[PDB]
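Chemist: First the structure, then my questions, so here it is.
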Protein chains: 2
Amino acid sequence: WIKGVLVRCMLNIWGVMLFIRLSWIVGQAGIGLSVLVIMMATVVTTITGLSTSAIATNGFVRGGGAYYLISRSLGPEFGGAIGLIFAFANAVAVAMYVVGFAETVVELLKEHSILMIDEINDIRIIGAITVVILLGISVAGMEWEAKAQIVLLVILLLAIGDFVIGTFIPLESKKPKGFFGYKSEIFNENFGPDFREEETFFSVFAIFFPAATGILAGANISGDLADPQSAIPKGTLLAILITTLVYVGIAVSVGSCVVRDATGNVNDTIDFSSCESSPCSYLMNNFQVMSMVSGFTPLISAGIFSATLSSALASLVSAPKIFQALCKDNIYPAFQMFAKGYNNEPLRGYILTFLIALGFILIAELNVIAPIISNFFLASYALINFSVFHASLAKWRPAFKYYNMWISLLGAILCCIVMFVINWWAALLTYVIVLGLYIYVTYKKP
Amino acid sequence: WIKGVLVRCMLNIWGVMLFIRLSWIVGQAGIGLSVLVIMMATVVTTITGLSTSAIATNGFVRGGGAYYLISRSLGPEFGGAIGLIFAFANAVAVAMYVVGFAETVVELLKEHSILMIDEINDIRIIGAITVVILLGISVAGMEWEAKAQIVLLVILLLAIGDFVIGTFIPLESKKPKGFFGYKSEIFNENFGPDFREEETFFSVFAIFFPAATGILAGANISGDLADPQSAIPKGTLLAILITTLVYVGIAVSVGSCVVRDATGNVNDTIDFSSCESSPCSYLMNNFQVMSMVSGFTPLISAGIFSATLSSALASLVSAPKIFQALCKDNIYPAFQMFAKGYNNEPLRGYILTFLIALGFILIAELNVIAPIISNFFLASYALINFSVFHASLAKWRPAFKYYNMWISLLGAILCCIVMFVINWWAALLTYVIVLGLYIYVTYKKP
Ligand SMILES: CCCCCCCCCCCCCCCC(=O)O
Ligand SMILES: CCCCCCCCCCCCCCCC(=O)O
Ligand SMILES: CCCCCCCCCCCCCCCC(=O)O
Ligand SMILES: CCCCCCCCCCCCCCCC(=O)O
C-alpha cells in the first residue's frame, strides 16, 4: 500500500536541513543558484530512485528489506560493500540529526536566560542525553514507532502551513529582524550570491545534500508491506516529487521575503535595501548570521521536534538491522559477532551504532558533520547506480520500473565527480575501501 | 647480454632533469628534502622494476617487446589499458625532452646576442624544427641509432666527469655568480626549504619524477637480445642503482657549493652568506633564477645534446611500435587503422605521435609539461604494479625475479595517492579512463 511507504519516505527526507539551514543556504548562494542546488541534488537522487525501484521489481523476494533485495539480485560482491557503506552512513546520519536537534534547543534556551555550561559545550550534553533516550525507543517500543507516525507528520505539515500563512502577514514590529513582504527590491537583491568567508558552491551543496537522501527508507521494509513490487516504485518516486516541490517553494519564498545582514534596532530611512530601514555592513538578528527564521506562531519549535527526532529514529533502527543481515550472510568473517541478538532485535549492534553516533556527536558543529554525511550517502548511491549498470552489462531482469536503462551510469558518474569535488581525500579513501571490499569478496572460497 | 640492456636504460633515465632542472629542485626544497624526493621517486620505480622483471621471467616469449610480454602474461584486460597509457606517456615525453632541448638552446643564444622572434616564441620554432628532424632519424636511420650509442653515452659521462672535476677548482672570477667551494656556511644554509611563490613539496616532486622513469626501455626490446630472462632482471635493477647514486651525488654536491639568490657584480664584505660578498634580497645569475649552473669547460652544452636528444629519440621510436602491436591484437576496433605500415615500420603512427608531440610542444614551459608526464608515467606504473598483484590473487608463475611478492600492492598504492596529490582532477579523469577501458575489454565478444 502506498500510504505506508510514502509516509515513511516523505517523513525521512524532510529532516534537519529544512527549517534551520535552508535559509542559510538560500542566503549564501542566493535564489537563482540555490534552486540549482535543489535540482542537481534531486537529479542525483531520482536516478538512484529509478535504480532502487528497478532492483525491487525483478523477483518475489518478500523477506528482508534493502539488503535482502539488493544483494540477492546483484550478487554478494556489490551487496557486501553497499551493506557496509549504507549501514555506516545511517550510523553517522543519526549523529547529524541529533546535533541539529540540540543546536535548536540551546538556541531556544539562549532566550529566557538559560546557560548550562558554555555556548557549544551544552550541545554535547543535550546530544548525550538525546541518543540514550532514542535507544530506549529503539529497543523497547516498536509498536508506538510504526503506528502513530501520521500524527508525527501532520504536526510537520502544520509547521509548513503556518510558515506559509505567516509570511503573508505584515508583522510591523518584526521588520527590524529582516522580515518584509514580497517586494521586488528584495527579490532582485537576493538573486545573486554573496558567498561568505570560506563557503563556495559545492560547500553549500555538501551542506544541503542530506536534506534529499532518505529515499531508501521506503524500500527498507519489504517483509512488512503487502505487494512490494507495485508500492516501492511509486511511493519513492512520488515522495521526491512532493519534497522537491516543497524545497523550491520554501527557498524561493524565504529568499524573496527576508533581507540578508540586517540587525534589529530603532532605525529609519530619512542603496541596497531601498526601504524604510537602514543598517550597517560591519549583525545578530539577520538572515545569514542566525540559523532559525520564523514568520509567526512558534510551534515551528515543535515542527523541529517531529522533523529531527523522527528522521534520527528512522536512521537508528535502520543501521543495525541492515548490518545484522550483513553479518548473517557471513560475507565478512571478522564481523560475525554482530548477528546474535535478544524477536530478532540486535542489541550488540545498537552499542556499535551508539558509539559511532556518540563519536561523531561530540563535534558540535552541523556544518562540519553534514559533508561527511553527504560523502557516504553519495558513496552508497554511486554503488547502487553502478551495480545496476554492471548487472545490465554482465547478464537479473529489470521488468520496467519506468526507466531501467543504462542512463544509470550517468547517475553513477554524477555521484562520483561531485563526491570528489567535495573533499577529494575523503572520496579517494572511501573508493579504495569499496574496491578492497570488492576484491576481498570476489576472491574468497565459498 | 647486460651491456645492451643497461646502456639503453641508463641512457634513457639520464635525461633532461639532470643538468637544467636538478639545481632548481635542490634550490627550492633544499638538500635534506630533495634527497627524500630522490628516495621516494626511486622506491616508487624500484617496485615497478621488480614487477616488470617478474613479468619477463615466466615464459619464453621471445617475440615483441614490452607489450607482447605484459599482455600475454597478464591478459588483454590489463594489457590493452597499459598499451594505451604507456604509448601516450611516451608520446608526450618526447615533447618534454624537446622543450628541454630548446630552452637550453635559446638560453645559449641569449648569450652572444641572438634573438629570433621573442623570448619564448623561438622555443616553439626550435621545437618545431627539432621534431621534424627526429622523424627523419626515426623513419630512415635505424642502424645508426642502435649502434654507436656508447659514443652517445661516453660524452655524457664526460659531462658528469668535468662537472665534478670543475666544482673542486677555485674559479675566483666566478664567485659573483654564486660559485664557491664546500664550506659549512653554505651547506648549513641550503639544508632547509625556501619554497617559492607557488611551489610545494609535491610540486617539485612532479617536476622531478620524469628523471627516474624510462626503466621500461630495457625490457622494450626482447626480440633483439639473446636470453631475455637473465638480462632484464639485472640490467633494470642495476641502472636504477647507478642513476640514483648519481642523482644523490649531484644534488648534495651542487647544493653544498652554490648559494641561492646571489647576483653577479662588484661587491665586498667589509648574516646569511657570511662570506666575502654581499647581495640584496629583492637577481639574474643566482641559483634559483637561472636554470643552468656550470662549473667549467662548457661541453656541458654538448652534454645536453646527448642527454635530451637521445632520450627523446628513444621515446619517439617506442610509442608507435607499442601502439602498432596494440592495434594488431585488434582489442580496440576503432584504432584498426594504425597497424598498416611500410620492414614493419608504422609510418601512419609516426604522424599521430608527431601531432601529439607538436600539440604538447607549443606550450613552451617545461614546468607545465613535466606534471602531465609524471601523471601518465604513474598511471602506467600503477597498472603494472596492480596487474601483477591481480594475477598473484587470481591464479602465470613468477619464477623469482628476486622479489615478486604481494608487496607490489604497496607499490600500486604509492603510485595512486601520489598521483592524486599532484593535480587530483587529472588523476580522476585517467582512472575513469582506465576503468572504462577495463570494462569495455572484459565484456566484449571474442
Ligand atoms: C575513481 C574512479 C572509480 C573508482 C571505482 C571504485 C571501485 C569500483 C569497483 C568496480 C570494479 C568492477 C569492474 C568489473 C569487474 C569484472 O568484470 O569482474
Ligand atoms: C589501478 C589501481 C590502483 C589502486 C589500488 C586500490 C586498492 C586495492 C586494495 C586491494 C586489497 C585486496 C585484499 C585481498 C585480501 C585477500 O585476498 O585475503
Ligand atoms: C581510485 C581508486 C582506484 C581506481 C581503480 C581504477 C580501475 C583499475 C582496476 C579495475 C578493476 C579491477 C578489479 C578486479 C575484480 C575482478 O574482475 O575480479
Ligand atoms: C564506483 C562507481 C564509479 C563509476 C565510474 C565508472 C567509469 C565509467 C565506466 C564506463 C564503462 C563503459 C562500458 C562500455 C560497454 C560497451 O560499449 O560494450
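Every chain in the C-alpha cells has a letter given in the order shown (A, B, ...), and although residue numbers restart at 1 in each chain, ligands are simply numbered from 1 in the order shown.
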Find the spatial neighbours of residue B:49, counting only C-alpha atoms, within a cut-off of 12 Å - ignore same-chain residues fewer than 3 positions away - and output them as a ChimeraX atom specification.
Modeler: /B:9,42-46,52-56,212-219,232-241,381-382,384-385,388,401-404,408,411
Chemist: Using only C-alpha atoms and all ligand atoms, which residues have at least one atom no more than 8 Å from ligand 3? Output them as a ChimeraX atom specification.
Modeler: /A:428,431-432,435,438-439,442-443 /B:383,386,390,394,416,428,431-432,434-436,438-439
Chemist: Within 12 Å of residue A:281, counting only C-alpha atoms, which residues show up once you throw out same-chain ones fewer than 2 positions away? Write them as a count of residues only, please.
Modeler: 11
Chemist: Would you kindly return, as an MDAnalysis selection string, each protein, DNA or RNA residue with an atom no farther than 7 Å from any atom of residue A:16, considering only C-alpha atoms and excluding same-chain residues fewer than 2 positions away?
Modeler: chainID A and resid 18:20 97 100 307:308
Chemist: Just N, CA, C and O atoms for this one: save the residues we selected as a compact mmCIF listing (two decimals), in the first residue's frame.
Modeler:
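Result file follows (part_4.txt):
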# COMPACT_ATOMS: atom_id res chain seq x y z
N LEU A 18 15.75 21.65 6.62
CA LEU A 18 14.59 22.31 6.04
C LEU A 18 14.26 23.61 6.75
O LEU A 18 14.03 24.63 6.09
N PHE A 19 14.22 23.62 8.08
CA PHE A 19 13.91 24.85 8.79
C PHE A 19 15.15 25.62 9.22
O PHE A 19 15.17 26.85 9.15
N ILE A 20 16.20 24.93 9.69
CA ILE A 20 17.28 25.62 10.39
C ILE A 20 18.52 25.83 9.55
O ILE A 20 19.45 26.50 10.01
N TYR A 97 21.40 14.33 12.70
CA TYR A 97 20.05 14.76 13.04
C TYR A 97 19.84 15.01 14.52
O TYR A 97 18.78 15.49 14.90
N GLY A 100 21.61 18.59 15.08
CA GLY A 100 20.65 19.56 14.60
C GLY A 100 19.47 19.71 15.53
O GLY A 100 18.85 20.78 15.58
N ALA A 307 10.57 16.74 13.08
CA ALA A 307 11.34 16.60 11.86
C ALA A 307 12.74 16.06 12.09
O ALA A 307 13.33 15.49 11.17
N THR A 308 13.29 16.23 13.29
CA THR A 308 14.64 15.78 13.59
C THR A 308 14.69 14.55 14.47
O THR A 308 15.63 13.78 14.36
Chemist: List as a PyMOL selection string the protein and nucleic acid residues near residue B:343, meaning an atom at most 12 Å away when only C-alpha atoms are counted, but skip any in the same chain fewer than 3 places from it.
Modeler: chain B and resi 139-140+142+340+346-347
Chemist: List as a list in words the protein and nucleic acid residues near residue A:87, meaning an atom at most 8 Å away when only C-alpha atoms are counted, but skip any in the same chain fewer than 5 places from it.
Modeler: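 Once the nearby chain positions are removed, what remains is residues 82, 318, 319, 320, 322 and 323 of chain A.
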Chemist: I need the residue nearest ligand 1 from this list: A:258, A:293, A:152, A:81. Use only C-alpha atoms and all ligand atoms for the distance.
Modeler: A:81
Chemist: Can you work out which one of A:207, A:339, A:333, A:151 has the shortest atom-to-atom distance to ligand 2, counting only C-alpha atoms and all ligand atoms?
Modeler: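 Counting only C-alpha atoms and all ligand atoms, the residue closest to ligand 2 is A:333.
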Chemist: For ligand 1, which of B:134, B:410, B:114, B:433 is the closest residue, counting only C-alpha atoms and all ligand atoms?
Modeler: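 Using only C-alpha atoms and all ligand atoms, ligand 1 sits closest to B:433.
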Chemist: Between atom CA of residue B:108 and atom CA of residue B:177, what is the distance in Å, rounded to a tenth?
Modeler: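 Those two atoms sit 16.6 Å apart.
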Chemist: Please identify the helix (DSSP H, G or I) residues within stretch 48-167 of chain A (assignment by DSSP from backbone atoms) and present them as a CSV table (one decimal) with N, CA and C atoms, in the first residue's frame.
Modeler:
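And here is the file that came out, selection39.csv:
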chain,number,residue,atom,x,y,z
A,48,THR,N,18.9,7.4,-8.6
A,48,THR,CA,19.0,6.4,-7.6
A,48,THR,C,17.6,5.9,-7.3
A,49,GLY,N,16.6,6.7,-7.3
A,49,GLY,CA,15.3,6.2,-7.1
A,49,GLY,C,14.8,5.3,-8.2
A,50,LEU,N,15.1,5.6,-9.5
A,50,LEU,CA,14.8,4.7,-10.6
A,50,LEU,C,15.6,3.4,-10.5
A,51,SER,N,16.8,3.5,-10.0
A,51,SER,CA,17.6,2.3,-9.9
A,51,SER,C,17.2,1.4,-8.8
A,52,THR,N,16.9,1.9,-7.6
A,52,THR,CA,16.4,1.1,-6.5
A,52,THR,C,14.9,0.7,-6.6
A,53,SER,N,14.2,1.3,-7.6
A,53,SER,CA,12.9,0.8,-8.0
A,53,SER,C,13.1,-0.4,-8.9
A,54,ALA,N,14.1,-0.3,-9.8
A,54,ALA,CA,14.4,-1.4,-10.7
A,54,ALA,C,15.0,-2.6,-10.0
A,55,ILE,N,15.6,-2.4,-8.8
A,55,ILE,CA,16.1,-3.5,-8.0
A,55,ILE,C,14.9,-4.3,-7.4
A,68,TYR,N,18.3,-7.6,1.7
A,68,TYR,CA,18.0,-8.9,1.1
A,68,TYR,C,17.6,-8.7,-0.4
A,69,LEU,N,17.2,-7.6,-0.8
A,69,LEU,CA,16.8,-7.4,-2.2
A,69,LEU,C,17.9,-6.8,-3.1
A,70,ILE,N,18.8,-6.0,-2.5
A,70,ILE,CA,20.0,-5.5,-3.3
A,70,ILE,C,21.1,-6.5,-3.3
A,71,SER,N,21.2,-7.5,-2.5
A,71,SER,CA,22.2,-8.5,-2.5
A,71,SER,C,21.9,-9.7,-3.4
A,76,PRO,N,26.8,-10.9,-4.1
A,76,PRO,CA,27.4,-10.6,-2.8
A,76,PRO,C,28.6,-9.6,-2.9
A,77,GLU,N,29.2,-9.5,-4.1
A,77,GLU,CA,30.3,-8.6,-4.3
A,77,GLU,C,30.0,-7.1,-4.1
A,78,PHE,N,28.9,-6.7,-4.8
A,78,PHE,CA,28.4,-5.4,-4.5
A,78,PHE,C,27.5,-5.3,-3.3
A,79,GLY,N,26.8,-6.4,-3.0
A,79,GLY,CA,25.9,-6.4,-1.8
A,79,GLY,C,26.6,-6.4,-0.5
A,80,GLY,N,27.9,-6.7,-0.4
A,80,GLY,CA,28.6,-6.7,0.8
A,80,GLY,C,29.3,-5.3,1.0
A,81,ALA,N,29.5,-4.6,-0.1
A,81,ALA,CA,30.1,-3.3,0.0
A,81,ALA,C,29.0,-2.2,0.3
A,82,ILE,N,27.8,-2.3,-0.3
A,82,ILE,CA,26.8,-1.4,0.0
A,82,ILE,C,26.2,-1.7,1.4
A,83,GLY,N,26.2,-2.9,1.8
A,83,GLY,CA,25.8,-3.2,3.2
A,83,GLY,C,26.7,-2.7,4.3
A,84,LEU,N,27.9,-2.3,4.0
A,84,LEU,CA,28.7,-1.6,5.0
A,84,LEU,C,28.7,-0.1,4.8
A,85,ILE,N,28.7,0.4,3.5
A,85,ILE,CA,28.7,1.8,3.3
A,85,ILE,C,27.4,2.5,3.8
A,86,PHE,N,26.2,1.9,3.4
A,86,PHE,CA,25.0,2.4,3.8
A,86,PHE,C,24.7,2.2,5.3
A,87,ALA,N,25.2,1.2,5.9
A,87,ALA,CA,25.0,0.9,7.3
A,87,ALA,C,25.9,1.8,8.2
A,88,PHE,N,27.0,2.3,7.6
A,88,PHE,CA,27.8,3.3,8.3
A,88,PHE,C,27.2,4.8,8.1
A,89,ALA,N,26.7,5.0,6.9
A,89,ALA,CA,26.1,6.3,6.6
A,89,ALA,C,24.8,6.6,7.4
A,90,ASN,N,24.1,5.5,7.7
A,90,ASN,CA,23.0,5.7,8.7
A,90,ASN,C,23.4,5.8,10.1
A,91,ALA,N,24.6,5.3,10.4
A,91,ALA,CA,25.2,5.4,11.8
A,91,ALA,C,25.7,6.7,12.0
A,92,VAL,N,26.1,7.5,11.0
A,92,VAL,CA,26.6,8.9,11.2
A,92,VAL,C,25.5,9.9,11.0
A,93,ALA,N,24.4,9.6,10.2
A,93,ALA,CA,23.3,10.5,10.0
A,93,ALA,C,22.5,10.7,11.3
A,94,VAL,N,22.5,9.7,12.1
A,94,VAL,CA,21.8,9.8,13.4
A,94,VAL,C,22.6,10.8,14.3
A,95,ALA,N,23.9,10.9,14.2
A,95,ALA,CA,24.6,12.0,14.9
A,95,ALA,C,24.3,13.4,14.3
A,96,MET,N,24.1,13.4,13.0
A,96,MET,CA,23.8,14.7,12.3
A,96,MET,C,22.4,15.2,12.7
A,97,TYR,N,21.4,14.3,12.7
A,97,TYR,CA,20.0,14.8,13.0
A,97,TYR,C,19.8,15.0,14.5
A,98,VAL,N,20.8,14.7,15.4
A,98,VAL,CA,20.7,15.0,16.8
A,98,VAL,C,21.6,16.2,17.2
A,99,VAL,N,22.7,16.5,16.5
A,99,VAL,CA,23.3,17.8,16.7
A,99,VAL,C,22.4,18.9,16.1
A,100,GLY,N,21.6,18.6,15.1
A,100,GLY,CA,20.6,19.6,14.6
A,100,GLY,C,19.5,19.7,15.5
A,101,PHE,N,19.1,18.7,16.3
A,101,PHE,CA,18.1,18.8,17.3
A,101,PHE,C,18.6,19.6,18.5
A,102,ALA,N,19.9,19.4,18.8
A,102,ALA,CA,20.5,20.1,20.0
A,102,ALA,C,20.7,21.5,19.8
A,106,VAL,N,19.5,24.6,22.4
A,106,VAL,CA,20.3,25.5,23.1
A,106,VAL,C,20.1,26.9,22.6
A,107,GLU,N,19.7,27.1,21.3
A,107,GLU,CA,19.4,28.5,20.8
A,107,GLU,C,18.0,28.9,21.2
A,108,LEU,N,17.2,28.0,21.7
A,108,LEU,CA,15.9,28.4,22.4
A,108,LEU,C,16.1,28.6,23.9
A,109,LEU,N,17.1,28.0,24.5
A,109,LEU,CA,17.4,28.2,25.9
A,109,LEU,C,18.3,29.4,26.0
A,121,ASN,N,29.3,23.8,24.5
A,121,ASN,CA,29.5,22.6,25.4
A,121,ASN,C,28.3,22.0,25.9
A,122,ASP,N,27.2,22.7,25.9
A,122,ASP,CA,25.9,22.2,26.3
A,122,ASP,C,25.2,21.4,25.1
A,123,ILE,N,25.6,21.7,23.9
A,123,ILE,CA,25.2,20.9,22.8
A,123,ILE,C,25.6,19.4,23.0
A,124,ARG,N,26.8,19.2,23.5
A,124,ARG,CA,27.3,17.9,23.8
A,124,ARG,C,26.5,17.2,24.9
A,125,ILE,N,26.0,18.0,25.9
A,125,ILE,CA,25.2,17.4,27.0
A,125,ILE,C,23.9,17.0,26.5
A,126,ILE,N,23.2,17.9,25.7
A,126,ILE,CA,21.9,17.5,25.2
A,126,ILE,C,21.9,16.4,24.1
A,127,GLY,N,23.0,16.4,23.3
A,127,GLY,CA,23.2,15.3,22.4
A,127,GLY,C,23.6,14.0,23.1
A,128,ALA,N,24.2,14.1,24.3
A,128,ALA,CA,24.4,12.9,25.0
A,128,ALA,C,23.1,12.3,25.6
A,129,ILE,N,22.3,13.2,26.2
A,129,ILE,CA,21.0,12.7,26.8
A,129,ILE,C,19.9,12.5,25.8
A,130,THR,N,20.1,12.8,24.5
A,130,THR,CA,19.1,12.5,23.5
A,130,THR,C,19.3,11.1,22.9
A,131,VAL,N,20.5,10.7,22.6
A,131,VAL,CA,20.7,9.4,22.0
A,131,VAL,C,20.4,8.3,23.0
A,132,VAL,N,20.7,8.5,24.2
A,132,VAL,CA,20.4,7.4,25.2
A,132,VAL,C,18.9,7.2,25.5
A,133,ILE,N,18.1,8.2,25.1
A,133,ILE,CA,16.6,8.0,25.2
A,133,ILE,C,16.0,7.8,23.8
A,134,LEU,N,16.9,7.8,22.8
A,134,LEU,CA,16.5,7.2,21.5
A,134,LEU,C,16.8,5.7,21.4
A,135,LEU,N,17.8,5.3,22.2
A,135,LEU,CA,18.0,3.8,22.4
A,135,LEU,C,16.9,3.2,23.2
A,136,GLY,N,16.3,3.9,24.1
A,136,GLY,CA,15.1,3.4,24.9
A,136,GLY,C,13.9,3.3,24.0
A,137,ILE,N,13.8,4.1,22.9
A,137,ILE,CA,12.7,3.9,22.0
A,137,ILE,C,13.0,2.8,21.0
A,138,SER,N,14.3,2.7,20.6
A,138,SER,CA,14.6,1.7,19.6
A,138,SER,C,14.6,0.3,20.1
A,139,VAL,N,15.0,0.1,21.4
A,139,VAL,CA,15.0,-1.2,21.9
A,139,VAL,C,13.6,-1.7,22.3
A,143,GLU,N,6.0,-0.8,18.6
A,143,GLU,CA,4.6,-0.7,18.2
A,143,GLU,C,4.2,0.8,18.1
A,144,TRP,N,4.8,1.6,19.0
A,144,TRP,CA,4.5,3.0,19.0
A,144,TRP,C,5.3,3.8,18.0
A,145,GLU,N,6.2,3.2,17.3
A,145,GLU,CA,7.0,3.9,16.3
A,145,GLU,C,6.5,3.8,14.9
A,146,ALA,N,6.1,2.5,14.5
A,146,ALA,CA,5.5,2.3,13.2
A,146,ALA,C,4.0,2.9,13.2
A,151,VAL,N,0.5,11.2,13.0
A,151,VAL,CA,0.4,12.2,14.0
A,151,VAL,C,1.8,12.9,14.1
A,152,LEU,N,2.9,12.2,13.8
A,152,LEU,CA,4.2,12.8,13.7
A,152,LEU,C,4.5,13.4,12.4
A,153,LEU,N,3.6,13.4,11.5
A,153,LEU,CA,3.8,14.1,10.2
A,153,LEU,C,2.7,15.2,10.0
A,154,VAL,N,1.6,15.1,10.6
A,154,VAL,CA,0.6,16.2,10.4
A,154,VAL,C,1.0,17.4,11.2
A,155,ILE,N,1.8,17.3,12.3
A,155,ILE,CA,2.3,18.4,13.0
A,155,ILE,C,3.6,18.9,12.4
A,156,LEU,N,4.0,18.3,11.3
A,156,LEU,CA,5.0,18.9,10.4
A,156,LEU,C,4.4,19.6,9.2
A,157,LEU,N,3.3,19.1,8.7
A,157,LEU,CA,2.6,19.8,7.6
A,157,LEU,C,1.9,21.0,8.2
A,158,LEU,N,1.5,21.0,9.5
A,158,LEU,CA,1.1,22.3,10.1
A,158,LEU,C,2.2,23.2,10.3
A,159,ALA,N,3.5,22.8,10.5
A,159,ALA,CA,4.6,23.6,10.6
A,159,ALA,C,5.0,24.3,9.2
A,160,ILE,N,4.7,23.5,8.1
A,160,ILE,CA,4.8,24.2,6.8
A,160,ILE,C,3.7,25.1,6.6
A,161,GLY,N,2.5,24.8,7.1
A,161,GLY,CA,1.3,25.6,6.8
A,161,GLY,C,1.3,26.9,7.5
A,162,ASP,N,1.6,27.0,8.8
A,162,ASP,CA,1.7,28.3,9.4
A,162,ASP,C,2.9,29.1,9.1
A,163,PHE,N,3.9,28.5,8.6
A,163,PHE,CA,5.1,29.2,8.0
A,163,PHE,C,4.6,30.0,6.7
A,164,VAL,N,3.9,29.3,5.8
A,164,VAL,CA,3.4,29.9,4.6
A,164,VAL,C,2.3,30.9,5.0
A,165,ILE,N,1.5,30.6,5.9
A,165,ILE,CA,0.4,31.5,6.3
A,165,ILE,C,0.9,32.7,7.2
A,166,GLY,N,2.2,32.7,7.6
A,166,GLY,CA,2.7,33.7,8.4
A,166,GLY,C,3.5,34.7,7.6
Chemist: Using atom CA of residue A:198 and atom CA of residue A:289 as the two end points, give the distance in Å to one decimal.
Modeler: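 Value for the atom CA of residue A:198-atom CA of residue A:289 distance: 14.4 Å.
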Chemist: Using only C-alpha atoms and all ligand atoms, which of A:414, A:7, A:248, A:368 sits nearest ligand 4?
Modeler: A:414
Chemist: Which residue is closest to residue A:365? Choose from A:173, A:184, A:220, A:104 and count only C-alpha atoms.
Modeler: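 Comparing A:173, A:184, A:220, A:104 against residue A:365, the winner is A:104.
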Chemist: Find the residue from B:312, B:415, B:399, B:300 that sits nearest to ligand 2; use only C-alpha atoms and all ligand atoms when measuring.
Modeler: B:415
Chemist: Residue A:21: which residues within 12 Å, counting only C-alpha atoms, same-chain residues fewer than 2 positions away excluded, as number ranges by chain?
Modeler: A: 15-19, 23-28, 100, 103-104, 204-205, 207-211, 247, 250-251, 254, 287-293, 304, 366-367, 370
